[PDB]
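The file coords-v3.txt comes next; it holds compact mmCIF, C-alpha atoms and all ligand atoms.
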```
# COMPACT_ATOMS: atom_id res chain seq x y z
CA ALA A 1 79.00 108.65 101.76
CA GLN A 2 80.95 110.82 99.33
CA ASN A 3 80.97 109.93 95.60
CA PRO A 4 78.50 107.05 95.92
CA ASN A 5 78.29 106.49 92.13
CA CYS A 6 82.15 105.97 92.07
CA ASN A 7 82.82 108.57 89.40
CA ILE A 8 86.36 109.52 88.42
CA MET A 9 87.12 112.84 90.12
CA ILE A 10 89.44 115.57 88.78
CA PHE A 11 91.36 117.81 91.19
CA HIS A 12 92.99 121.21 90.69
CA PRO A 13 95.24 121.80 93.76
CA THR A 14 96.68 125.24 94.36
CA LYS A 15 100.44 125.64 94.72
CA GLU A 16 99.97 125.74 98.48
CA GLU A 17 97.94 122.54 98.47
CA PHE A 18 100.66 120.88 96.26
CA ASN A 19 103.24 120.98 99.04
CA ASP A 20 102.18 118.14 101.18
CA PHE A 21 101.59 115.00 99.08
CA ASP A 22 100.20 112.74 101.86
CA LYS A 23 97.81 115.43 103.06
CA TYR A 24 96.41 115.96 99.53
CA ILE A 25 95.83 112.21 98.97
CA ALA A 26 93.95 112.12 102.26
CA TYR A 27 91.91 115.16 101.14
CA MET A 28 90.98 113.49 97.83
CA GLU A 29 89.83 110.41 99.75
CA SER A 30 87.74 112.66 102.14
CA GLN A 31 85.85 113.69 98.97
CA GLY A 32 85.30 110.03 97.89
CA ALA A 33 87.90 109.92 95.10
CA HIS A 34 89.04 106.41 95.92
CA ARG A 35 85.63 104.96 95.30
CA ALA A 36 86.29 105.26 91.51
CA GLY A 37 89.66 103.45 91.67
CA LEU A 38 91.29 106.29 89.71
CA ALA A 39 91.58 110.14 90.03
CA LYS A 40 93.14 112.85 87.86
CA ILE A 41 95.27 115.63 89.39
CA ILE A 42 96.00 118.73 87.26
CA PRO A 43 99.11 120.47 88.77
CA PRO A 44 99.00 124.21 89.59
CA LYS A 45 100.01 126.41 86.69
CA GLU A 46 103.21 127.51 88.55
CA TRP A 47 104.57 123.92 88.67
CA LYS A 48 106.78 122.06 86.25
CA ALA A 49 108.38 118.60 86.32
CA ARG A 50 111.59 119.76 84.63
CA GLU A 51 112.68 122.63 82.34
CA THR A 52 112.62 120.85 78.96
CA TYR A 53 112.44 117.40 77.37
CA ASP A 54 114.97 118.32 74.64
CA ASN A 55 117.75 116.11 75.93
CA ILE A 56 116.12 112.63 76.50
CA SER A 57 116.94 110.93 73.21
CA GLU A 58 119.94 109.02 74.47
CA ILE A 59 118.03 107.15 77.25
CA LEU A 60 118.25 103.39 76.37
CA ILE A 61 115.29 101.08 76.10
CA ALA A 62 117.24 97.82 76.74
CA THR A 63 114.32 95.50 76.11
CA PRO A 64 111.51 96.95 73.97
CA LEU A 65 108.45 94.70 74.08
CA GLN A 66 106.35 93.84 70.95
CA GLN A 67 102.82 93.28 72.18
CA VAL A 68 101.29 90.41 70.16
CA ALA A 69 97.57 89.79 70.60
CA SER A 70 95.46 86.55 70.44
CA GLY A 71 91.68 86.30 70.62
CA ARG A 72 88.84 88.47 69.38
CA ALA A 73 88.72 92.25 69.12
CA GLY A 74 87.02 92.79 72.47
CA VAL A 75 88.43 89.82 74.41
CA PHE A 76 92.10 89.09 73.89
CA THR A 77 95.43 88.35 75.55
CA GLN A 78 98.80 89.84 74.69
CA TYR A 79 102.30 88.41 75.02
CA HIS A 80 105.45 90.37 75.07
CA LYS A 81 108.12 89.49 72.51
CA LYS A 82 111.50 90.93 73.44
CA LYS A 83 113.20 93.10 70.73
CA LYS A 84 116.69 94.44 70.35
CA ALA A 85 117.73 97.54 72.38
CA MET A 86 117.14 100.95 71.05
CA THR A 87 117.49 104.57 72.21
CA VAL A 88 114.49 106.84 72.95
CA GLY A 89 115.39 108.78 69.77
CA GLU A 90 115.30 105.60 67.71
CA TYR A 91 112.02 104.51 69.37
CA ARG A 92 110.38 107.91 68.71
CA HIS A 93 111.29 107.64 65.01
CA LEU A 94 109.81 104.15 64.93
CA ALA A 95 106.58 105.28 66.67
CA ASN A 96 106.22 108.03 63.98
CA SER A 97 106.80 105.67 61.03
CA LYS A 98 104.00 104.84 58.64
CA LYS A 99 103.77 101.28 60.09
CA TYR A 100 103.24 102.45 63.73
CA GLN A 101 101.90 106.05 63.69
CA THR A 102 98.50 107.12 64.99
CA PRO A 103 95.89 107.18 62.16
CA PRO A 104 93.93 110.21 61.21
CA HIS A 105 91.02 110.68 63.57
CA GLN A 106 88.34 113.21 64.58
CA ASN A 107 88.62 113.25 68.33
CA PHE A 108 89.50 110.97 71.26
CA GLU A 109 86.21 109.04 70.93
CA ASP A 110 86.88 108.23 67.25
CA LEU A 111 90.40 107.08 68.15
CA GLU A 112 89.02 104.88 70.97
CA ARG A 113 86.63 103.25 68.46
CA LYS A 114 89.53 102.58 66.10
CA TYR A 115 91.63 101.11 68.98
CA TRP A 116 88.99 98.57 69.94
CA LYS A 117 88.16 97.66 66.36
CA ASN A 118 91.70 97.19 65.17
CA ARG A 119 94.16 96.66 68.07
CA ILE A 120 94.45 92.88 67.63
CA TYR A 121 95.62 93.21 64.03
CA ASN A 122 98.79 95.03 64.94
CA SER A 123 101.76 94.44 67.26
CA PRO A 124 102.97 97.80 68.69
CA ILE A 125 106.31 98.05 70.54
CA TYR A 126 106.21 99.32 74.19
CA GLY A 127 109.33 100.70 76.06
CA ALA A 128 107.85 99.78 79.44
CA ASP A 129 109.22 99.27 82.86
CA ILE A 130 112.57 101.21 82.61
CA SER A 131 114.04 102.08 86.04
CA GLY A 132 114.67 105.84 86.20
CA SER A 133 113.16 109.36 86.52
CA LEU A 134 112.63 112.50 84.44
CA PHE A 135 111.84 114.79 87.39
CA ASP A 136 114.43 117.50 87.98
CA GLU A 137 116.07 117.08 91.36
CA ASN A 138 115.07 120.62 92.17
CA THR A 139 111.32 119.91 91.71
CA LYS A 140 110.14 119.69 95.29
CA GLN A 141 106.40 119.04 94.85
CA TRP A 142 105.02 115.72 93.53
CA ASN A 143 108.45 114.51 92.48
CA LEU A 144 107.88 110.76 91.97
CA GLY A 145 111.57 110.02 92.78
CA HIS A 146 111.25 111.73 96.25
CA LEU A 147 108.15 110.17 97.69
CA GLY A 148 108.03 108.45 101.13
CA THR A 149 108.83 104.78 100.60
CA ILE A 150 106.42 101.87 101.11
CA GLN A 151 108.95 100.25 103.49
CA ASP A 152 108.92 103.36 105.64
CA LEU A 153 105.09 103.46 105.62
CA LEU A 154 104.94 99.78 106.75
CA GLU A 155 107.43 100.59 109.47
CA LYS A 156 105.57 103.64 110.63
CA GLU A 157 102.20 101.78 110.76
CA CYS A 158 103.22 98.39 112.00
CA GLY A 159 106.60 98.94 113.73
CA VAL A 160 108.57 96.40 111.71
CA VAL A 161 111.65 97.41 109.78
CA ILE A 162 112.08 95.63 106.47
CA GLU A 163 114.55 95.41 103.55
CA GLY A 164 113.67 96.78 100.10
CA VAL A 165 113.59 99.91 98.05
CA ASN A 166 110.86 101.75 96.02
CA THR A 167 111.96 103.55 92.78
CA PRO A 168 110.12 104.94 89.73
CA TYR A 169 109.77 103.54 86.26
CA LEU A 170 109.59 105.13 82.82
CA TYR A 171 107.22 104.03 80.03
CA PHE A 172 107.79 105.07 76.41
CA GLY A 173 104.60 104.36 74.37
CA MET A 174 103.31 104.43 70.84
CA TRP A 175 99.90 104.09 69.20
CA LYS A 176 98.06 100.95 70.39
CA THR A 177 100.53 100.08 73.17
CA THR A 178 98.39 98.54 75.84
CA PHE A 179 98.30 97.95 79.60
CA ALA A 180 96.24 94.88 80.49
CA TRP A 181 93.62 94.67 83.29
CA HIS A 182 95.38 94.63 86.70
CA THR A 183 95.63 95.93 90.21
CA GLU A 184 99.01 96.92 91.63
CA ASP A 185 101.37 94.51 93.41
CA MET A 186 100.00 93.90 96.89
CA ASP A 187 96.99 96.13 95.84
CA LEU A 188 99.17 99.27 96.38
CA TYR A 189 98.37 102.72 95.07
CA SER A 190 100.07 103.92 91.92
CA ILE A 191 100.81 107.44 90.66
CA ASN A 192 101.51 108.11 86.98
CA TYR A 193 102.72 111.39 85.44
CA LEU A 194 102.48 111.84 81.65
CA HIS A 195 105.67 113.82 80.95
CA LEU A 196 105.25 114.40 77.21
CA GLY A 197 103.60 113.42 74.00
CA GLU A 198 100.27 111.94 73.09
CA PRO A 199 97.46 110.97 75.51
CA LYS A 200 96.81 107.76 77.50
CA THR A 201 93.22 106.45 77.83
CA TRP A 202 92.33 104.62 81.05
CA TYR A 203 89.53 102.28 82.07
CA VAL A 204 88.87 101.50 85.78
CA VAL A 205 86.60 99.34 87.93
CA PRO A 206 85.61 100.71 91.40
CA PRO A 207 87.42 98.77 94.17
CA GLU A 208 84.11 97.76 95.74
CA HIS A 209 83.27 95.95 92.47
CA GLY A 210 86.59 94.38 91.63
CA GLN A 211 85.38 90.83 92.24
CA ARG A 212 82.74 91.36 89.45
CA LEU A 213 85.54 91.96 87.00
CA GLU A 214 87.42 88.87 88.30
CA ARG A 215 84.36 86.65 87.82
CA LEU A 216 83.89 87.86 84.26
CA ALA A 217 87.59 87.30 83.55
CA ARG A 218 87.36 83.69 84.77
CA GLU A 219 84.44 83.15 82.35
CA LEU A 220 86.20 84.79 79.40
CA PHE A 221 89.63 83.25 79.92
CA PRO A 222 88.68 79.79 81.21
CA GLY A 223 92.05 77.99 80.56
CA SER A 224 93.97 80.80 82.26
CA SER A 225 91.62 80.63 85.24
CA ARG A 226 92.25 76.87 85.68
CA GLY A 227 95.99 77.54 85.52
CA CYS A 228 96.03 80.16 88.28
CA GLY A 229 93.61 81.43 90.94
CA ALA A 230 94.92 85.01 90.41
CA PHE A 231 95.77 85.08 86.71
CA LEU A 232 95.05 88.81 86.30
CA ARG A 233 98.39 89.18 88.17
CA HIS A 234 99.98 88.02 84.87
CA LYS A 235 98.92 91.30 83.29
CA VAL A 236 97.98 89.84 79.88
CA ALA A 237 94.14 90.04 79.58
CA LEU A 238 92.11 92.69 77.78
CA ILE A 239 88.32 93.13 77.83
CA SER A 240 86.72 96.06 75.90
CA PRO A 241 84.26 98.59 77.28
CA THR A 242 81.56 97.13 74.99
CA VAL A 243 82.06 93.67 76.52
CA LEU A 244 82.11 95.10 80.06
CA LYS A 245 78.79 96.94 79.36
CA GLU A 246 77.21 93.75 77.89
CA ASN A 247 78.10 91.92 81.09
CA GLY A 248 76.95 94.63 83.50
CA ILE A 249 80.42 95.37 84.94
CA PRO A 250 80.64 98.82 86.56
CA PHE A 251 83.50 100.87 85.11
CA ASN A 252 84.58 104.38 84.07
CA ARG A 253 86.95 105.85 81.50
CA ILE A 254 89.08 108.98 81.18
CA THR A 255 91.89 110.29 78.96
CA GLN A 256 95.11 111.63 80.55
CA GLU A 257 97.05 114.32 78.68
CA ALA A 258 100.65 115.46 78.97
CA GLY A 259 101.24 117.39 82.20
CA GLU A 260 98.62 115.52 84.22
CA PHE A 261 98.87 113.00 87.07
CA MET A 262 96.70 109.94 87.60
CA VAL A 263 96.42 108.09 90.89
CA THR A 264 95.13 104.53 91.12
CA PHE A 265 93.75 103.42 94.48
CA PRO A 266 94.10 100.05 96.29
CA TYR A 267 92.33 97.25 94.43
CA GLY A 268 91.22 99.56 91.56
CA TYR A 269 91.50 97.42 88.43
CA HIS A 270 92.71 99.43 85.45
CA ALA A 271 93.64 98.96 81.75
CA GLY A 272 94.25 101.28 78.82
CA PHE A 273 96.21 102.35 75.78
CA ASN A 274 98.47 105.07 74.39
CA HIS A 275 97.39 107.36 71.53
CA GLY A 276 100.82 107.87 70.01
CA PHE A 277 104.43 108.50 71.05
CA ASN A 278 104.59 109.43 74.76
CA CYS A 279 106.55 109.09 77.94
CA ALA A 280 105.07 108.44 81.41
CA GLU A 281 106.66 107.89 84.84
CA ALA A 282 104.99 105.84 87.57
CA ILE A 283 105.65 104.42 91.01
CA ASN A 284 103.76 102.56 93.71
CA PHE A 285 103.05 104.13 97.11
CA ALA A 286 101.17 103.36 100.31
CA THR A 287 99.11 105.19 102.96
CA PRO A 288 97.69 103.96 106.28
CA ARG A 289 94.50 102.98 104.50
CA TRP A 290 96.41 100.59 102.19
CA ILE A 291 97.50 98.24 105.01
CA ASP A 292 94.22 96.36 105.14
CA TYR A 293 94.22 95.92 101.35
CA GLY A 294 97.75 94.61 101.43
CA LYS A 295 96.78 91.97 104.00
CA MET A 296 93.96 90.73 101.74
CA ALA A 297 95.67 90.98 98.30
CA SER A 298 95.48 87.94 96.07
CA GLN A 299 98.47 86.37 94.97
CA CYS A 300 99.79 84.38 91.92
CA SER A 301 101.81 81.34 93.04
CA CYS A 302 101.81 79.51 89.56
CA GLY A 303 105.08 81.14 88.73
CA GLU A 304 103.99 83.41 85.97
CA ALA A 305 103.68 86.79 87.76
CA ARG A 306 107.33 87.03 88.92
CA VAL A 307 107.94 90.40 90.65
CA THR A 308 110.43 92.64 92.44
CA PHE A 309 112.69 91.98 95.33
CA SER A 310 110.76 94.31 97.63
CA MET A 311 107.48 92.37 97.41
CA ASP A 312 109.02 89.54 99.47
CA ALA A 313 108.85 91.46 102.71
CA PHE A 314 105.31 92.68 102.12
CA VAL A 315 104.07 89.07 101.72
CA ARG A 316 106.21 87.83 104.60
CA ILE A 317 104.92 90.39 107.11
CA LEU A 318 101.36 91.01 105.90
CA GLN A 319 100.49 87.50 104.64
CA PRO A 320 102.61 84.98 106.60
CA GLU A 321 100.23 82.04 105.89
CA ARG A 322 100.63 82.59 102.11
CA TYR A 323 104.35 83.26 102.24
CA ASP A 324 105.76 79.72 101.70
CA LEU A 325 103.50 78.97 98.69
CA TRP A 326 104.02 82.40 97.07
CA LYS A 327 107.80 82.14 97.46
CA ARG A 328 107.84 78.69 95.75
CA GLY A 329 106.17 80.51 92.81
CA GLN A 330 108.97 83.09 92.80
CA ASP A 331 111.67 80.27 92.81
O1 LIG A 401 101.17 103.42 81.76
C1 LIG A 401 101.09 102.14 81.74
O2 LIG A 401 101.48 101.43 80.76
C2 LIG A 401 100.63 101.33 82.89
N1 LIG A 401 100.56 102.15 84.17
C3 LIG A 401 99.92 101.74 85.24
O3 LIG A 401 99.35 100.61 85.28
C4 LIG A 401 99.96 102.59 86.45
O4 LIG A 401 100.49 103.73 86.36
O5 LIG A 401 99.49 102.07 87.46
MG MG A 402 119.41 111.48 76.65
NI NI A 403 98.95 100.03 87.18
ZN ZN A 404 99.72 82.78 88.16
```
Since I need it in another form, could you write the structure as C-alpha cells?
Ligand SMILES: O=C(O)CNC(=O)C(=O)O
Ligand SMILES: [Mg+2]
Ligand code: NI
Ligand SMILES: [Zn+2]
Amino acid sequence: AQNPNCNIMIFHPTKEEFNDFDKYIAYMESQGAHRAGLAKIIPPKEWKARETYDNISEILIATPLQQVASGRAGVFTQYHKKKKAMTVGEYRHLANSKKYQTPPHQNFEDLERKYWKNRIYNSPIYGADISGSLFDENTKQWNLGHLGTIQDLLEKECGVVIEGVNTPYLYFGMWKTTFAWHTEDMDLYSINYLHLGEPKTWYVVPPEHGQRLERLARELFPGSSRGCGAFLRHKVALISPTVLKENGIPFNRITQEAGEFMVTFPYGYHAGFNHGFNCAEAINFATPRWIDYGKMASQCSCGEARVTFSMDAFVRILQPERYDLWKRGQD
C-alpha cells in the first residue's frame, strides 16, 4: 500500500504532465496521495494563472463576514456576522490596518503559535464564498473555471443526466481568518489555488480516520452534537493541533504559498487559517473514485447547513432513502 503513514505529499508536475488534469489526479492517487486527505501541487515554472493581479481592486465583496469566536483558545466555535459591502481594494486596506494586520513574527511556526494562542480574542473579516474566477481564459492547464463538471462525471459513471452547474469561488482573507473543520459537500474533492498574497496554513485528518475526529467533536461540542447528527456540516467548529495531539487524533499540517495548488480528497477533514491579506480560488470536483464516498456521505437535516442548488440532485440520485428528510432541512 502506497503512503501507509498518510503523509501529505507534494508534487512537481512537468508542463507535459500538467496537460491532462484527470490523469494527474489519478497518478497522485497511484502514489497514495489521497491517504493524507490533502496534497500540494507546485505548477511547472512555465505556467501562470494570469498575467498580473494589478487590476482586481474593483471586485465587490457583497457580504464580508466577521468571524466571532466563542469558547477556549484550542476549542471554539465561530459565527459569521454579516458586514456592509466593500471592494477588494477597500478590504485590502482594512486587512493592512493596525487593527487587522499580521503581527511581527519569526517564521511560520511562530505565527502558528500566535494564531492558536490569540485567535479567539479577535474577530477578523473574511471575504469568502464569492462566485467568480481569476484565471485568464487563455490559461489552458489547471484552469479552475474549465474543469469537467460533477454533473457530467455522475452522468458518465452512472448514466443519469441531472440538472445543476459547478462554478468556482473566490476567497479574500486576512490575518486570523479561519476555515472550520469540514469535509466537502457530498464528500467531494476540492482544489484550491492561492492566487496572491500571504500564506494559508492547513490541517487535515486522513480519510480512513475521519470518524475519530467526529467522535472527538461530539465530545467537545456536546450541545451541537445533540442538535444535529452531522453538525460538522455547519462549518463552525475549531479544534487546535495541541488538542488533537492530546486526544490521539491522527492529523498533518502544511502551509500553502502563493502560486501553489492544494487538493483535498473525499472525506478528508480539513481546517486552517490565513496569514495575512490573500486571495484564493476553489471549486469542488469528482472522479470515479468519489462515487462510493458520495453514496455514504453524512448529511445535516437540522436546517443549519443550507447549501447549493446542485446538491439536490446528488442526494436524490446517490442517497434516495435520505432524500425526503434532507430536503425538509433545506426547506
Ligand atoms: O480557503 C478556505 O477558506 C477554505 N477552503 C477549503 O475548505 C477548500 O479549498 O476546500
Ligand atoms: Mg477590479
Ligand atoms: Ni474545503
Ligand atoms: Zn445540522
Using only C-alpha atoms, find each residue in stretch 71-121 of chain A having at least one atom no more than 12 Å away from stretch 245-263 of chain A; report its shortest atom-to-atom pair and that distance in Å (one decimal), rows by chain then rising number, as a tab-separated table.
```
residue	atom	partner	partner_atom	distance
A:74	CA	A:246	CA	11.2
A:107	CA	A:255	CA	11.5
A:108	CA	A:255	CA	8.1
A:109	CA	A:255	CA	9.9
A:111	CA	A:255	CA	11.4
A:112	CA	A:255	CA	10.1
```
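In this model, the gap between atom CA of residue A:328 and atom CA of residue A:216 comes to 28.1 Å.
Each residue with an atom within 7 Å of any atom of ligand MG 402 (chain A) appears in the list, which was built counting all atoms listed in the file: residues 55, 56, 57, 58 and 59 of chain A.
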Kindly save the residues from that selection, with C-alpha atoms included, as an mmCIF file, in the frame of the given file.
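Okay, selection-v7.cif is ready:
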```
data_model
loop_
_atom_site.group_PDB
_atom_site.id
_atom_site.type_symbol
_atom_site.label_atom_id
_atom_site.label_comp_id
_atom_site.auth_asym_id
_atom_site.auth_seq_id
_atom_site.Cartn_x
_atom_site.Cartn_y
_atom_site.Cartn_z
ATOM 1 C CA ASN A 55 117.750 116.110 75.930
ATOM 2 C CA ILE A 56 116.120 112.630 76.500
ATOM 3 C CA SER A 57 116.940 110.930 73.210
ATOM 4 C CA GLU A 58 119.940 109.020 74.470
ATOM 5 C CA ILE A 59 118.030 107.150 77.250
#
```
Contact table chain A vs ligand NI 403 (chain A), cut-off 9 Å, shortest pair per residue, all atoms listed in the file, as a Markdown table:
```
| residue | atom | partner | partner_atom | distance |
| --- | --- | --- | --- | --- |
| A:179 | CA | A:NI403 | NI | 7.9 |
| A:180 | CA | A:NI403 | NI | 8.9 |
| A:181 | CA | A:NI403 | NI | 8.5 |
| A:182 | CA | A:NI403 | NI | 6.5 |
| A:183 | CA | A:NI403 | NI | 6.1 |
| A:184 | CA | A:NI403 | NI | 5.4 |
| A:185 | CA | A:NI403 | NI | 8.7 |
| A:189 | CA | A:NI403 | NI | 8.4 |
| A:190 | CA | A:NI403 | NI | 6.2 |
| A:191 | CA | A:NI403 | NI | 8.4 |
| A:192 | CA | A:NI403 | NI | 8.5 |
| A:264 | CA | A:NI403 | NI | 7.1 |
| A:268 | CA | A:NI403 | NI | 8.9 |
| A:269 | CA | A:NI403 | NI | 8.0 |
| A:270 | CA | A:NI403 | NI | 6.5 |
| A:271 | CA | A:NI403 | NI | 7.7 |
| A:282 | CA | A:NI403 | NI | 8.4 |
| A:283 | CA | A:NI403 | NI | 8.9 |
| A:284 | CA | A:NI403 | NI | 8.5 |
```
task = Work out how far atom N1 of ligand LIG 401 (chain A) is from atom CA of residue A:87, in Å to one decimal.
result = 20.9 Å
List every residue of chain A that has an atom at most 7 Å from any atom of ligand ZN 404 (chain A), giving for each one its closest atom pair and the distance in Å to one decimal, counting all atoms listed in the file, sorted by chain and then by ascending residue number, as CSV.
```
residue,atom,partner,partner_atom,distance
A:227,CA,A:ZN404,ZN,7.0
A:228,CA,A:ZN404,ZN,4.5
A:229,CA,A:ZN404,ZN,6.8
A:230,CA,A:ZN404,ZN,5.8
A:231,CA,A:ZN404,ZN,4.8
A:233,CA,A:ZN404,ZN,6.5
A:234,CA,A:ZN404,ZN,6.2
A:300,CA,A:ZN404,ZN,4.1
A:301,CA,A:ZN404,ZN,5.5
A:302,CA,A:ZN404,ZN,4.1
A:303,CA,A:ZN404,ZN,5.6
A:304,CA,A:ZN404,ZN,4.8
A:305,CA,A:ZN404,ZN,5.6
```
Hey, can you spit out that residue selection with C-alpha atoms as a CSV table (one decimal), in the frame of the given file?
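The result, written out as result36.csv:
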```
chain,number,residue,atom,x,y,z
A,227,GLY,CA,96.0,77.5,85.5
A,228,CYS,CA,96.0,80.2,88.3
A,229,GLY,CA,93.6,81.4,90.9
A,230,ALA,CA,94.9,85.0,90.4
A,231,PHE,CA,95.8,85.1,86.7
A,233,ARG,CA,98.4,89.2,88.2
A,234,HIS,CA,100.0,88.0,84.9
A,300,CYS,CA,99.8,84.4,91.9
A,301,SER,CA,101.8,81.3,93.0
A,302,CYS,CA,101.8,79.5,89.6
A,303,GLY,CA,105.1,81.1,88.7
A,304,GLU,CA,104.0,83.4,86.0
A,305,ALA,CA,103.7,86.8,87.8
```
Shell around residue A:207 at 10 Å using all atoms listed in the file, local window under 3 positions removed, as a short mmCIF file (atom, residue, chain, number, x, y, z; two decimals) with C-alpha atoms, in the coordinates of the input:
```
data_model
loop_
_atom_site.label_atom_id
_atom_site.label_comp_id
_atom_site.auth_asym_id
_atom_site.auth_seq_id
_atom_site.Cartn_x
_atom_site.Cartn_y
_atom_site.Cartn_z
CA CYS A 6 82.15 105.97 92.07
CA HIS A 34 89.04 106.41 95.92
CA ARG A 35 85.63 104.96 95.30
CA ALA A 36 86.29 105.26 91.51
CA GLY A 37 89.66 103.45 91.67
CA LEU A 38 91.29 106.29 89.71
CA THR A 183 95.63 95.93 90.21
CA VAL A 204 88.87 101.50 85.78
CA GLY A 210 86.59 94.38 91.63
CA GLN A 211 85.38 90.83 92.24
CA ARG A 212 82.74 91.36 89.45
CA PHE A 265 93.75 103.42 94.48
CA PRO A 266 94.10 100.05 96.29
CA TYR A 267 92.33 97.25 94.43
CA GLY A 268 91.22 99.56 91.56
CA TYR A 269 91.50 97.42 88.43
#
```
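Separating atom CA of residue A:317 from atom CA of residue A:209 is a distance of 26.7 Å.
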inquiry  = Show me, as an NGL selection string, the residues that have an atom within 10 Å of residue A:88 when counting all atoms listed in the file, minus same-chain residues fewer than 2 positions from it.
reply    = :A and (56-61 or 85-86 or 90-94 or 127 or 172 or 279)
task = Quick one: residues within 9 Å of (104.3, 113.7, 94.4) (file frame), counting only C-alpha atoms, please, as a PyMOL selection string.
result = chain A and resi 18-22+140-147+191
Let me have the centre and edge lengths of the axis-aligned box enclosing all listed atoms of stretch 206-215 of chain A with 6 Å padding on every side, in Å to one decimal, as AutoDock Vina command-line options.
```
--center_x 85.1 --center_y 93.7 --center_z 91.4 --size_x 16.7 --size_y 26.1 --size_z 20.7
```
key: Distance criterion (only C-alpha atoms and all ligand atoms): nearest to ligand LIG 401 (chain A) out of A:177, A:106, A:131, A:5   =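 Of A:177, A:106, A:131, A:5, the one nearest ligand LIG 401 (chain A), counting only C-alpha atoms and all ligand atoms, is A:177.
Proximity to ligand LIG 401 (chain A) was assessed for A:309, A:323, A:126, A:277 counting all atoms listed in the file; the smallest distance is recorded for A:126.
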message = So that I can see what lies close to residue A:315, please list as a VMD selection string the residues with an atom at most 9 Å from it, counting only C-alpha atoms and leaving out residues fewer than 5 positions away in the same chain.
response = chain A and resid 186 294 to 295 320 322 to 323 326 to 327
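The shortest atom-to-atom distance to ligand LIG 401 (chain A), with all atoms listed in the file taken into account, belongs to A:187 out of A:187, A:312, A:16, A:331.
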message = Restricting the calculation to only C-alpha atoms and all ligand atoms: of A:40, A:72, A:114, A:99, which residue gets closest to ligand LIG 401 (chain A)?
response = A:40
ask   = Which one of A:281, A:110, A:29, A:137 sits closest to ligand LIG 401 (chain A) if you count only C-alpha atoms and all ligand atoms?
value = A:281
inquiry  = Applying 7 Å and only C-alpha atoms, which residues near residue A:69 remain after dropping the ones on its own chain fewer than 6 positions away? List them as a ChimeraX atom specification.
reply    = /A:76-79,120
inquiry  = I'd like to know which of A:291, A:65, A:296, A:243 is closest to ligand LIG 401 (chain A), using all atoms listed in the file.
reply    =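 Using all atoms listed in the file, the shortest distance to ligand LIG 401 (chain A) belongs to A:65.
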ask   = If you count only C-alpha atoms, which residues fall within 12 Å of residue A:160, apart from same-chain ones fewer than 3 positions away, as a list in words?
value =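 The residues satisfying every condition are residues 151, 152, 153, 154, 155, 156, 157, 163, 313, 314, 316, 317 and 318 of chain A.
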